[PDB]
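To begin, one chain is listed below as C-alpha cells, in the form deposited in one PDB entry.
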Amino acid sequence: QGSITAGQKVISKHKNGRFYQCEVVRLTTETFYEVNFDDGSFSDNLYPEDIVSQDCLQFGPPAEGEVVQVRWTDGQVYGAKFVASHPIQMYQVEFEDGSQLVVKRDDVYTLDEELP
C-alpha cells in the first residue's frame, strides 16, 4: 500500500516483540525466489544468494524449471527446480534505541489507527 512514505513516524514491532513508534528510513525492494526441492517440498522465501549452483546476484534469476542447488537455513545444500521470483516492497524502520528492521506493509501502522 502506497500510503507509507520515508521519514514517516509509524508504529511497528521491535525485535523484543512489542509495538513502538519507529521512523521509516527507506523504502526498498527485496526479491524472493520460489523453488521445488527434488522431494517435492516448496519454498517461497529464498534470497537470490541462496542459489549456490549459479550467481543470481550477478546474472539475475534462473530460467523457470532450471535445475538448481540451494543453501538452506540449516547450512545444507539441496537439489531443486526454480519456479519464480517476486519483488516485494519492504520498509526499513528505525526505533528510538537505534535498532532497525526491514518489514512488510502489513507490519506497519499509522499513529491514528487502532492496534493491531
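Residue positions are given as counts along the sequence shown, with the first one as 1.
Beyond the structure shown, there is the form solved in complex with a partner chain, which is absent from this document and is the topic of what follows.
Asker: Exactly one residue in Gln69, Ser41, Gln89, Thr31 has a non-hydrogen atom within 4.5 Å of its partner chain in the bound PDB entry; which is it?
Answerer: By the 4.5 Å heavy-atom cutoff, the listed residue in contact is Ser41.
Asker: Given that its partner chain is not shown alongside this chain, does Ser85 nevertheless sit within 4.5 Å of it in the bound PDB entry, heavy atom to heavy atom?
Answerer: Because no heavy atom of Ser85 falls inside 4.5 Å of its partner chain in the bound PDB entry, the answer is no.
Asker: With the partner left out of view, is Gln54 within 4.5 angstroms of its partner chain in the bound PDB entry by any non-hydrogen atom?
Answerer: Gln54: no contact with its partner chain in the bound PDB entry.
Asker: Is there a heavy atom of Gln58 lying 4.5 Å or less from a heavy atom of its partner chain in the bound PDB entry?
Answerer: The answer is no: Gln58 has no heavy atom within 4.5 Å of its partner chain.
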